[PDB]
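FYI, it's all coordinate maths here, none of it is from the lab. Cβ placement follows ideal geometry from the backbone for every residue including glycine, while neighbour counts extend to all protein chains displayed.
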Amino acid sequence: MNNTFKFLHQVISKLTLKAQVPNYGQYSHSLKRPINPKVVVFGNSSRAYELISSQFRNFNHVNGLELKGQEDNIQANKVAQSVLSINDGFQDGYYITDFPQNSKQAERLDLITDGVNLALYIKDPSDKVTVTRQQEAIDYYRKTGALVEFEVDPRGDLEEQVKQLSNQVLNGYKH
Amino acid sequence: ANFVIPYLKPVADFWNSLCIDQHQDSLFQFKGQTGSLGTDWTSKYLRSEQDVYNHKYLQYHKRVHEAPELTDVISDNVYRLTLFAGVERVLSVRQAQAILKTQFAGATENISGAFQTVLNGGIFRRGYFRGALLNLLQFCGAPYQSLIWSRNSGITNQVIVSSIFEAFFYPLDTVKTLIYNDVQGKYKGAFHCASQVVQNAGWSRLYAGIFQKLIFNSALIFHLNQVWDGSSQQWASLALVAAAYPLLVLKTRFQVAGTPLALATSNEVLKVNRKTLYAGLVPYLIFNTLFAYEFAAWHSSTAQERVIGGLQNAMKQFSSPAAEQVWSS
Amino acid sequence: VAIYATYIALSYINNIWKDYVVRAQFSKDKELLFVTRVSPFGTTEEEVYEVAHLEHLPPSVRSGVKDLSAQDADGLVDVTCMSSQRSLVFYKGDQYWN
Amino acid sequence: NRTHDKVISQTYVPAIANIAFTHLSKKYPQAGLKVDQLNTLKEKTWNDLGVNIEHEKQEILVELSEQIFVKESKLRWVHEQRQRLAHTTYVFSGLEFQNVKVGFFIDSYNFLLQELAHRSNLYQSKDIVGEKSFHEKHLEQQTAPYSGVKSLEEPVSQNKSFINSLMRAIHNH
Amino acid sequence: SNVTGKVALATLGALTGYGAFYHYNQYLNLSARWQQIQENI
Amino acid sequence: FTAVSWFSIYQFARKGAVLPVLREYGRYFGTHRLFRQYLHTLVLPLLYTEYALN
Amino acid sequence: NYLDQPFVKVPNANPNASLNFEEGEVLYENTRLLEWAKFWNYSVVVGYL
Amino acid sequence: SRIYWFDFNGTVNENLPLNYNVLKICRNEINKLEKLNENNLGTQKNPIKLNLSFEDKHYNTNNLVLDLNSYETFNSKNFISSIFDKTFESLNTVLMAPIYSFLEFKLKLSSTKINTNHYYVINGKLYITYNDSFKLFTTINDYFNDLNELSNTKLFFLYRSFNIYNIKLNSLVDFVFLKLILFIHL
Amino acid sequence: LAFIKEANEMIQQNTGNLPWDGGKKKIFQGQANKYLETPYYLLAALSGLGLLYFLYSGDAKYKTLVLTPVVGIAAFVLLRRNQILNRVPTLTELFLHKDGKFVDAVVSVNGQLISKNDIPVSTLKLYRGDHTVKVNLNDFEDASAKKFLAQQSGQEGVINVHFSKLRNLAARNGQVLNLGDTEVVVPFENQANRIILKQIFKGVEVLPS
Amino acid sequence: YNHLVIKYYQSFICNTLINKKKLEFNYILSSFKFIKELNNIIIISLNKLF
Amino acid sequence: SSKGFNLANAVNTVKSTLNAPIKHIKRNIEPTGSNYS
Ligand SMILES: CCCCCCCCCCCCCCCCCC(=O)OC[C@H](COP(=O)([O-])OCC(O)COP(=O)([O-])OC[C@@H](COC(=O)CCCCCCCCCCCCCCCCC)OC(=O)CCCCCCCCCCCCCCCCC)OC(=O)CCCCCCCCCCCCCCCCC
Ligand SMILES: CCCCCCCCCCCCCCCCCC(=O)OC[C@H](COP(=O)([O-])OCC(O)COP(=O)([O-])OC[C@@H](COC(=O)CCCCCCCCCCCCCCCCC)OC(=O)CCCCCCCCCCCCCCCCC)OC(=O)CCCCCCCCCCCCCCCCC
Ligand SMILES: CCCCCCCCCCCCCCCCCC(=O)OC[C@H](COP(=O)([O-])OCC(O)COP(=O)([O-])OC[C@@H](COC(=O)CCCCCCCCCCCCCCCCC)OC(=O)CCCCCCCCCCCCCCCCC)OC(=O)CCCCCCCCCCCCCCCCC
Ligand SMILES: CCCCCCCCCCCCCCCCCC(=O)OC[C@H](COP(=O)([O-])OCC(O)COP(=O)([O-])OC[C@@H](COC(=O)CCCCCCCCCCCCCCCCC)OC(=O)CCCCCCCCCCCCCCCCC)OC(=O)CCCCCCCCCCCCCCCCC
Ligand SMILES: CCCCCCCCCCCCCCCCCC(=O)OC[C@H](COP(=O)([O-])OCC(O)COP(=O)([O-])OC[C@@H](COC(=O)CCCCCCCCCCCCCCCCC)OC(=O)CCCCCCCCCCCCCCCCC)OC(=O)CCCCCCCCCCCCCCCCC
Ligand SMILES: CCCCCCCCCCCCCCCCCC(=O)OC[C@H](COP(=O)([O-])OCC[N+](C)(C)C)OC(=O)CCCCCCCCCCCCCCCCC
């Protein structure tokens, strides 16, 4: 706020922040991942599926396309129940596909689940159904600031794209 | 001279007292004679040279043939209580780590993990020294009261007296164990921890693990006497306490069970995985071996002979190596 | 001797640590670079540089290229500010780069 | 008169002013509070504008928390807004902005928003992966399993010997 | 804080009770020794 | 030396690294390489000590 | 007197009005250097003392 | 018992890895197909038919009645009279602790890890036994990476589950500085 | 497994997705703030006694004569501030009936639990901003207090005070909710069912079950 | 003045909640007389002095 | 009962510790653009 007091304020804030989250400076990298990562993935290309499978080996798939037709409240509630639990395998990460299809479903899911930790959009030029189906959801996640865009070239290097995607999602995760 | 030295003199004086022989310095501060030979500096130094061993014998004799003193006992065990107080906590955390949540909080199920968990809170009340005062109070309790009522007594009587006092002061031990394993600051203090236990569970909740603490205490006392005596069978007794060590581990888990600090209850504690019964056995033995309790009041006749014999051997150094053997003295 | 020995030690320790960069942030228009550096007591100290001035210069001796820390994948990159005659050292590791 | 100090990010300042002026316009339609006049309004005090910001201070905070979305925070939007609302109300409960300029109120709110975002990120860049600390590497190294000796596990008649069985148990436990 | 008061009061009573027993036993022993000293003198 | 060597052999064996010294399996009793490395480490320094002292 | 150069003006003490000092985005960040600097500086001081 | 084939009447999307619940169901059914004998079910021409609903594939379990931050209640079990049994059982456990370790060591001597098999091929894809379900296996390095990530998640769960709203000190610092600046403005 | 069960329960509580606990469903979970008051009272008493002893003896220093009143005043001010903060009605838990038209609540006042029932949802109202509190000076039986309040307020016997001046020590850590005729403080740090909570605060009644 | 209003406001809420119908004036006027007198005499003394 | 000390891990850490200052030593002794003729 003030140039002269910025240094003193920053020092005091860093010391006090340790009380809320002890040893935050030593475990900062670990804290980037949330306790129950909930991911919403946009993209239906073959390359996108490969990246999803590689990046989400330890996550559980949630197919939201089966819920089409039901009302938004029921669809949101069913998704929330799916992604608000941990299996006996101790896999607390869930990534959803083909959902939400509209802002109403997106907002409803966020309220029930306190928001989605990540909303990953893989823009593949060889995909022409993701934009036509889930444009409203993408705009909502862009508004709320939870949207991460990772353009993929089909003729790119699979290893490099995976590494870049892993870094971006790790940075894009939210608690 | 008026604003720094007056406040700095005590620090220097305290520094010198630790690093200098107080008795020898006191002798040299008095100069002259009143009519008796041997008050000169040369004679005083010769006396002060042997006074180191004489004072050790007198201090040892006092701890055996005179009523025990709390300050003297604490001084003998100063390291175990003053500097390495946090070692007791990490040992307690390691013992109870089987049914704790530490493994999910950036820690491993090993002595290194227990050390890190304790040290993650710093060194002060929430860190290394958390529960240090309770450890001091507990030492001032049954371990000291037992010495008062069992001075110069046999092993059996010492075990009986110690068992009675440990039962009497046991609730303090349970509170200390809960504080040690309270890694999230759930309890604000000893009274707060005791109040929560009594409010939620009955008063009997504070006496969990008493009968397995008493048996382990009896084994420890037997081992302590053996090492004090210095007999060859001390190693056999060391194995005995190691075999009895899981009794202590069960005691810690029972104390730490039935509370938010633990993932298990009293019923589940008994049927815990048997591969972790000897949790921290080697750290416990090492710590006890290096810092075994120096209860001179309970030393038997053989131990007293050993200490006096050691002092006497050192006292023999004050003869001239090249003294001539003369026909007439 | 005590006064100047302490002064020389502290002042030169600061100079050694001065080159290394703790933090580097662009401006909104990417016209300036704000650099946080080590202070004499190990705290943060702020400085400002212009991106145009910043430049990575080759060694004066052409046989010393192989001896640069930049040869290693986890080495150090020496970027020189041509206006202030200062040096900025960056770890080559991608972990430290946006 | 102008130092070489990085200025606080001004990304959300227009949004904060727009929300604050709109709410104040609902109660003072003739106050002439507009976003286009931020450069000139910030130099005037609330007394000059005839606006009692103290009464509307809480409503402004609630509306700002619910309307503004910050993507630089490490917390989800619902948690970020709740934390921002709690943080701002506590700080502004003991601050009287009536006698000072509008800019101080806007700058103060912007400063709190940025500090909360930095604290959410643990005072580190959100776009930089960073390097693991010593504890993280140590825990990861310890967490790694032990492969053991595969030759002893190989199915062979020689591996049935007591000595070989003893070695396999000792090294592959 | 009724539970805390009871716990604190119970602890004080137990420690005080032990103190009385210790002093009473010490009083008896000192009285016997003092009588023996007087007879010896 | 025997204690250090035994400790080193066990620790690396646990991680899956075995020094390529001695035949992998015995010619007659089929004893594994690790067992003979321990035996050689225990006996050889003792024989050298006796030889050196004499 | 020395600042009053005959042919060339000395630079202005204040930054040019064109420059904008609004923070952008972080390029490089190695925060652990501060901890390393504190460790080395204190260690040498203790050793020097 | 390694190769098996499952057929889903459009109820399972195979374009993405199968869920943990789906794999658990597959393992639960193979264990019956093996122990209970087999009618030659599971081949490509005679696969296993499954109709999985949304609830089965997604819902984890039930019986979520655990009470957080609770203490076991005493004085109702007559601890004074019942402590004897616990002490006796504890003594038995301590006495048997060396014996169990010796027995376990003997079992290690007479047992080998390769004795048991944990690999199953489903729909032309290799899987390995995981807790109570299957886990996709593609490479040894990938499997070790997955184990490392699982260990990391278990290890840092509590640290990541920190209190967001425990900002009392931070708010106090901000208030003090702004109030001081406010005085300067005044 | 034990940790997974606890972790799942923690997640459910944080999201406020509890099931129907019999006749009523818990849709709110908050806690009050506790402050230290006895230490300040003891410190103030010690300063007061110490100041009296120094005056009686006359062997004190100028330094301590300056410091002791400041410490005593600081302790006294903190004691008053903490006492006011502790005695703030704070909403701890709130339950909703099956019909969705009635609400039961339990409130904490200086650590004392008070249960209120039969609260129609139509009467609930969350004050987004700073409301106004009416104070009746005629109720006061002290002439000096009544005169002082009237002089400061500058109004009639019934005086309306804006909550902005009171939020510093009244509702600084929460908002204000109207539970029918009474008003309670709703802390920000709470676990609640947001969908139901918002509607009931707005006054709308949720559907049955 | 603010403290008295808050104390009165808190007391009014509690008495309505518990149905006591009596305000706890002993708590509302905890030290009002002492504080008012102390300030008044101090101000009077300062006015006389300066 | 997780395993603790492992000599192979310790040796790797020792190698990393000894190799850590190599980059800084190289940078300090390396040439620069300036040619102070
Ligand atoms: C050194 C020179 C002088 C030497 C003197 C000689 C040595 C021996 C002296 C002994 C006597 C001292 C005087 C008396 C003290 C009395 C204390 C006392 O009463 O406290 C009680 C103690 C106080 O309660 P509490 O504060 O809530 O608990 C302690 C907290 O946990 C806090 O404990 P903690 O362990 O977590 O503490 C961590 C430690 C963190 O810091 C450290 O540990 C630092 C260590 C640094 C290294 C050491 C270097 C050497 C020493 C340096 C000394 C420098 C000076 C320090 C100055 C300190 C300020 C005075 O410090 C703290 O953070 C403490 C918190 C502050 C509040 C409480 C303490 C206030 C200060 C008092 C200090 C007294 C010490 C004197 C002795 C000297 C000790 C050194 O309470 C209990 O013990 C309650 C027990 C209840 C048990 C359960 C009961 C159940 C019911 C029982 C029923 C029975 C009947 C059943 C019947 C059945 C049928 C038959
Ligand atoms: C100078 C370097 C070191 C300095 C240390 C720091 C000192 C600083 C100052 C003091 C303050 C710090 C205090 C200590 C801090 C903790 C240090 C630490 O990290 O240590 C733990 C650290 C291990 O911790 P960890 O990595 O977390 O533990 C790994 C797992 O957690 C496993 O752990 P766990 O807790 O889960 O335990 C499970 C138990 C599970 O195992 C069992 O329980 C097996 C049970 C088998 C049952 C079979 C029953 C069969 C039937 C019965 C047959 C017999 C009886 C028949 C009777 C018939 C007639 C009645 O596992 C073990 O038994 C293995 C434990 C590790 C063994 C370490 C052995 C060290 C030997 C050292 C070399 C040899 C001695 C040289 C002496 C001369 C030196 C000049 O220990 C070490 O690595 C070694 C530490 C240094 C050793 C010191 C030497 C021992 C001194 C005391 C004993 C003396 C010998 C007595 C016997 C012989 C007399 C002639
Ligand atoms: C004074 C006594 C001191 C004793 C010290 C203690 C150590 C030695 C004795 C230990 C005995 C107990 C050990 C535990 C037993 C456990 C059971 C078990 O499974 O076995 C473990 C393991 C064998 O198990 P495995 O699974 O079958 O492993 C076989 C691998 O092939 C084996 O491969 P490797 O990995 O072990 O490597 C081969 C072996 C190297 O061994 C060789 O193959 C080298 C052969 C060199 C021959 C040099 C020319 C000799 C000319 C004639 C000598 C006549 C005697 C003169 C007497 C002079 C006065 C002392 O080791 C090395 O190459 C590295 C070591 C470097 C050489 C240092 C050897 C020093 C030996 C000192 C003791 C000598 C005792 C001789 C007794 C009388 C013999 C007549 O036992 C040993 O490794 C011990 C070997 C001891 C030497 C054996 C010599 C055999 C050749 C004899 C030739 C002459 C007679 C031929 C008669 C033919 C029939 C008509
Ligand atoms: C940190 C120390 C800083 C000292 C600054 C010195 C300034 C020198 C300027 C040189 C220019 C020429 C001036 C004329 C010649 C000066 C001769 C001289 O130096 O005479 C000193 C004169 C010599 O005394 P003496 O002959 O040895 O008589 C022994 C009697 O015991 C003495 O007892 P007495 O009752 O008869 O004492 C007479 C009292 C009578 O007073 C007077 O001299 C006249 C009235 C002056 C007003 C202040 C009176 C003290 C009230 C407490 C502090 C209020 C805060 C404001 C302080 C403003 C600076 C004075 O005079 C003083 O001692 C005045 C200074 C005492 C201050 C104590 C607190 C230390 C921190 C101060 C700075 C705080 C930051 C303020 C930021 C800005 C605020 C606007 O007094 C001193 O020795 C003062 C220094 C004492 C240092 C040790 C303090 C005790 C141990 C540490 C306790 C820490 C915890 C408690 C305190 C925490 C902080 C509040
Ligand atoms: C010859 C006769 C001898 C006879 C006796 C023989 C006894 C043998 C016993 C058996 C020993 C077996 C060997 C292995 C043992 C390992 C230890 C073990 O088992 O531990 C288990 C466990 C293993 O750790 P882990 O995390 O499970 O896994 C380890 C990783 O796997 C490991 O991987 P990592 O990546 O973590 O690596 C760790 C470390 C691996 O390496 C090591 O750590 C090995 C170190 C070897 C050297 C040790 C020398 C010192 C030894 C201690 C001396 C005193 C002992 C006293 C004994 C008692 C006497 C009564 O890696 C490194 O190498 C790191 C680089 C730095 C190394 C050191 C650099 C030294 C430089 C020196 C030159 C400086 C420049 C000078 C020039 C400039 C001018 C000055 O270790 C512990 O947890 C140890 C706990 C020890 C606690 C001690 C007590 C602490 C008390 C704190 C009190 C605080 C109070 C504060 C008061 C504040 C008041 C204000
Ligand atoms: C932010 C602050 C807000 C609060 C504002 C508070 C306003 C009131 C301020 C009062 C200041 C009092 C200062 C007292 C100084 C110490 C007096 C003392 O030691 O006396 C002890 C004496 C002697 O007591 P004794 O006999 O026990 O001796 C003790 C000796 N010493 C002090 C060394 C420990 O006691 C008295 O009887 C004193 C009575 C008079 C007290 C007031 C004296 C004021 C002197 C300074 C001002 C002088 C006038 C300045 C010009 C103004 C116009 C005239």
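Look at where the Cα atoms of chain F and of the stretch I:148-171 average out, and the two centres are 89 Å apart.
Classification of the protein assembly as shown by its C-alpha gyration tensor yields a rounded form. The axis ratio a/c (a ≥ b ≥ c) stays under 1.5.
Compute the relative contact order of chain H as a whole-number percentage, counting only Cα pairs closer than 8 Å that sit 6 or more residues apart in sequence.
Numbers: 101 pairs, mean separation 53.4, N = 186.
This gives 29 percent for chain H.
If a helix is a whole DSSP H run, which ones in chain I reach 27 Å or further along their own axis (Cα) and hold a mean Kyte-Doolittle hydropathy of at least 1.0?
Working: long enough: I:38-57 (28 Å, 1.16); I:62-86 (36 Å, 0.92).
Helix filter hits for chain I: I:38-57.
Within 10 Å of the Cβ of each residue in A:58-70, the mean number of Cβ atoms contributed by other protein chains is 5. Remark: relative contact order (chain B) = 21 percent; criterion is Cα-Cα distance under 8 angstrom and separation of 6 or more residues. For A:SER53 and A:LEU170, a Förster radius of 22 Å and the Cβ-Cβ distance give a FRET efficiency of 0.80, rounded to the nearest 0.05. Contact order, relative form, for chain I: 25 percent (alpha carbon pairs under 8 Å, 6 or more residues apart, mean separation divided by residue count). Here the protein assembly as shown carries DSSP beta bridges of which approximately 75% are antiparallel, counting only pairs with both residues inside.
Taking a ≥ b ≥ c as the square roots of the eigenvalues of the alpha carbon gyration tensor, the stretch H:1-46 is oblate, as a/c is not under 1.5 and a/b does not beat b/c. Each label point was placed 7 Å from the Cα along the Cα-to-Cβ direction; for E:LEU12 and K:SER1 their separation is 4.9 nm.
How shielded is G:35-41 by partner chains, expressed as the average number of their Cβ atoms within 10 Å of its Cβ atoms?
On the way: counts 4, 4, 13, 5, 1, 5, 10.
Counting other chains' Cβ atoms within 10 Å and averaging over G:35-41 gives 6.
The length gained on full extension between B:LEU285 and B:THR39, counted as 0.36 nm times the residue separation minus their Cα-Cα distance, comes to 83.6 nm.
Take every DSSP beta bridge whose two residues both sit in the stretch H:3-147, then give the antiparallel share in percent to the nearest 5. Intermediate results must be reported in sequence, preceding the final value.
On the way: 8 of 13 bridges.
In the stretch H:3-147, approximately 60 percent of DSSP beta bridges are antiparallel ones.
The stretch B:33-55 and chain G have Cα centres separated by 68 Å. Of the trypsin sites (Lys or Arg not before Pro) found in the stretch I:68-135, those in coil by DSSP whose Cβ has at most 15 other Cβ atoms within 10 Å are I:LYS98, I:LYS101, I:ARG128.
Of all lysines in the structure, the ones whose alpha carbon falls short of 28 Å from that of H:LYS86, not counting any fewer than 8 places away in one chain, are B:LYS101, B:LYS176, B:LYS213, B:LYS251, B:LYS271, B:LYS275, H:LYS77, I:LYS5.
Between helix G:32-48 and chain G there is an angle of about 70 degrees, using the helix long axis and the longest principal axis of the Cα atoms. A straight line joining the Cα centroids of the stretch H:1-42 and the stretch B:262-329 runs 65 Å. For K:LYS23, B:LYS9, the sequence from fewest to most other C-beta atoms within 10 Å is B:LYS9, K:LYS23.
How do H:12-22, B:235-245 rank on mean C-beta neighbours within 10 Å, highest first?
For the peptides H:12-22, B:235-245, the packing ranking is H:12-22, B:235-245.
Any of B:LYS186/H:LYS57; D:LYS126/H:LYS125; A:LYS18/K:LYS15; H:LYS168/I:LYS165; H:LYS24/H:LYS106; A:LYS18/B:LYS186 with alpha carbons more than 27 Å apart? Name them for me.
Numbers: B:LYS186/H:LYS57 39 Å; D:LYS126/H:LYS125 38 Å; A:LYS18/K:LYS15 33 Å; H:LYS168/I:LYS165 21 Å; H:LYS24/H:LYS106 33 Å; A:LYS18/B:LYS186 18 Å.
Violating the 27 Å Cα-Cα cut-off are B:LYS186/H:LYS57; D:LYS126/H:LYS125; A:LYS18/K:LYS15; H:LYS24/H:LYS106.
Potential lengthening of the chain between H:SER82 and H:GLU34 amounts to 12.7 nm, from the contour at 0.36 nm per residue minus the alpha-carbon distance. Taking the average, over residues, of other Cβ atoms within 10 Å as the packing measure, peptides B:180-186, B:154-160 rank B:180-186, B:154-160 from highest down.
Cross-link partners of J:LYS21 among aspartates and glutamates, defined as those whose alpha carbon lies under 17 angstrom from its own and excluding same-chain residues fewer than eight positions apart: I:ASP139, I:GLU141, I:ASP181, I:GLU183. Projecting label points 7 angstrom from Cα along Cα→Cβ for I:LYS198 and B:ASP25 puts them 7.5 nm apart. Scanning residues 5 or more positions from D:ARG76 or on other chains, those with amide H under 5 Å from its amide H are A:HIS175, with H placed 1.01 Å from N in the peptide plane. For the Cα atoms of chain J, what angle does the longest principal axis make with the long axis of helix J:2-18, in degrees from 0 to 90, nearest 10? So the inclination is approximately 20 degrees. Relative to the longest principal axis of the Cα atoms of chain H, the long axis of helix H:20-35 lies at roughly 30 degrees.
Once both labels are positioned 7 Å from their Cα atoms along Cα-to-Cβ, the gap between G:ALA13 and I:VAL66 label points is 3.6 nm. Placing a label point 7 Å from the Cα of I:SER209 along the Cα-to-Cβ direction, the residues of the stretch I:1-34 whose backbone N falls under 18 Å from that point are I:18-26. Take each residue in F:32-41, count the other chain C-beta atoms within 10 Å of its C-beta, and the mean is 4. Shape class for the stretch A:1-91, computed from the alpha carbon gyration tensor (a ≥ b ≥ c): prolate, with a/c not under 1.5 and a/b above b/c.
Helix by helix, which DSSP H runs in chain B go 24 Å or more along their axis at the Cα atoms and have an average Kyte-Doolittle hydropathy of 0.5 or more?
Numbers: long enough: B:41-65 (34 Å, -1.61); B:210-229 (28 Å, 0.65); B:234-256 (32 Å, 0.99).
Helix filter hits for chain B: B:210-229, B:234-256.
The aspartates and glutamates whose alpha-carbon is closer than 16 Å to the alpha-carbon of I:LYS98, local same-chain residues fewer than 8 away aside, are I:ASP21, I:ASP118, I:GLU205.
Length gained on full extension, B:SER17 to B:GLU69: 16.5 nm, using 0.36 nm per residue less the C-alpha separation. Among the trypsin sites (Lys or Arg not before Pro) in the stretch H:13-53, those located in a DSSP loop and surrounded by at most 16 other Cβ atoms within 10 Å of their own Cβ are H:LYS45.
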